[PDB]
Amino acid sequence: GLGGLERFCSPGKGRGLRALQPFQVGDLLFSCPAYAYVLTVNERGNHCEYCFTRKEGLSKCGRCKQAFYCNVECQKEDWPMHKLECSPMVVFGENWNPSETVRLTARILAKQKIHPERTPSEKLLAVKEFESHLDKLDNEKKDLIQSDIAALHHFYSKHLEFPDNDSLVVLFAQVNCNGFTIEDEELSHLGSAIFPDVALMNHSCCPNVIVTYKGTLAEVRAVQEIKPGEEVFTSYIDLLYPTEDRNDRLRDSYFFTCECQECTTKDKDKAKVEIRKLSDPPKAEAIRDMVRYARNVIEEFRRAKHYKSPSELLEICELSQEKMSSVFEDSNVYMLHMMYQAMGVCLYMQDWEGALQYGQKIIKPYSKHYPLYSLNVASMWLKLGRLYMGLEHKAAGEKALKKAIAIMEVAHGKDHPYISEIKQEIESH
C-alpha cells in the first residue's frame, strides 16, 4: 500500500482512501506515476510525448513527424506506446482522428499485454478493479461507447489483441469514470491519463486534497488539515457552480449525488446566483427563467466554439451578458462563465488588453466562490500577472504572479518547476 494511508469501505461511497496519520495544509500525501497517458493532439510540438516536459527545440519523430521528444531516450522510451500510432498516422493521413479516450484506451490495452501484473501505480486500487457503472448506462451512453469501440478496432487493430465487446464496454466505462485530464499551470488541457491510486479517492465539493502534475506524475497535497480516520476527498469537477449544477454534472458523468457540506448546506448558492438589488426586485419565476437561459447559453457556446469565428463567439458572450445583467449581478457565476469564455477568445486573438479587461472583473468573485486553495483562482492570478507583465504593468504583474505563487506553493509544492518558472518571470521583469 501507501504509508500513512489505507483503502477502506466508505459507507454509501464504495471504496475510498483514509488517513492513518495527520496531514497539514501543503503536505504531499502521495505520488502516483501514470499507468497510461496520452499527450493531447493540440500540444504536440510544445511538450515531450514521453515525459510532458514543456521545452523549445523538441526533436520530431522521423517517421510520422507528429510526435516530439526531449531527446533520443524520451523517443526510445515512448516507442512501445508511440508504435500504436506512428505508422497509422502516416497511412490514414487526414483520416486519422481517434478520440482522446480511444487513444488512451489503446494504451491501457497495450500496457495490460506488456505488464499484466500489478504496477507501482496500483498500490491500493487496480485498473481491473475500477468502477464502471455498466449497469447505469442508458442507450445514448452505450451508443457513444460503441462509436469508441469501432474507432479502437478502426485505428488500433495492428498491435492489439482485443477482448470481447462486453469487456471493451466495461473498459471504456471504467476510463470515463476514472480517467484524469492533465492540466498545465494555466489549467490548459495537456492530455489524459490513468492514475489508479489517485482514482480511489472519492469526491467532495469541499475537498481536503488537490491533484497536481509534475510531468506525468500525479501528486496529492492537503488543502485542509487531515486527521487519522478521516477520508481523503478530491473534487472531480469545477467548483464555481451552484449545488444543482454541480450534482447534474456529477450524476451525468459519475452516476452519484454529492451530499458533502457544500451540497447539504448550499451556503454559497445565494452569492453564486447573485441577483441585482433593483427598486422593483426581480420575481422568482423571472430568476428561474434567467438560470434556464444561462445554462442553455453555456451549452450553445460550448458547441459554437467548434465552428463560429472569434468575433461571433465574442458576440455570444457580450449579448448573453447584456441579457443576464438585467437580473444577475456581475459576480454571479453565469456572468463569470461568459466573461471567462470571452477572455479566452481575446487570448486566442492576441487581444491582450481585452483579455486583461475581462480577467480583472473575474478575479475578485472567483476568490469568493472557490475554496481557500483553488487551482482555478491560482490560474486566474497567473494569467492576469502574465497579461500585466506583457503589457508593461510590472508592479501589478508582480503582485498577481505572487498571488498565484502563494496558492501554488500549497497545491504544487514549494519546489515545483512551475513556481521556478514564475519566479524567473518576476526576476527577468
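Rigid core here is just the name for the largest C-alpha set that superposes within 1.5 Å across the two forms. Note that residue numbering begins at 1 and tracks the sequence as displayed.
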{"property": "Greater root mean square CA deviation, 286 to 294 compared with 159 to 167 in 7 other deposited structures of this protein, core aligned", "result": "159 to 167"}
{"property": "Per the entry, higher mean C-alpha B factor between 340 to 348 and 269 to 277", "result": "269 to 277"}
{"property": "Mean temperature factor over C-alpha atoms, higher-scoring stretch between 140 to 148 and 238 to 246", "result": "140 to 148"}
{"property": "Most elevated Cα B-factor in the entry, residues 82, 103, 214, 295", "result": "295"}
{"property": "326, 192, 253, 208, ranked by C-alpha B-factor: the highest one", "result": "326"}
{"property": "Lowest, middle or highest third - CA B-factor, residue 397", "result": "middle"}
{"property": "Among modelled residues of the same chain, the CA temperature factor third for residue 224", "result": "middle"}
{"property": "Position of residue 406 among the chain's modelled residues by C-alpha B-factor, lowest, middle or highest third", "result": "middle"}
{"property": "Among modelled residues of the same chain, the CA temperature factor third for residue 188", "result": "middle"}
{"property": "Residue 163, C-alpha B-factor rank within chain (lowest, middle or highest third)", "result": "highest"}
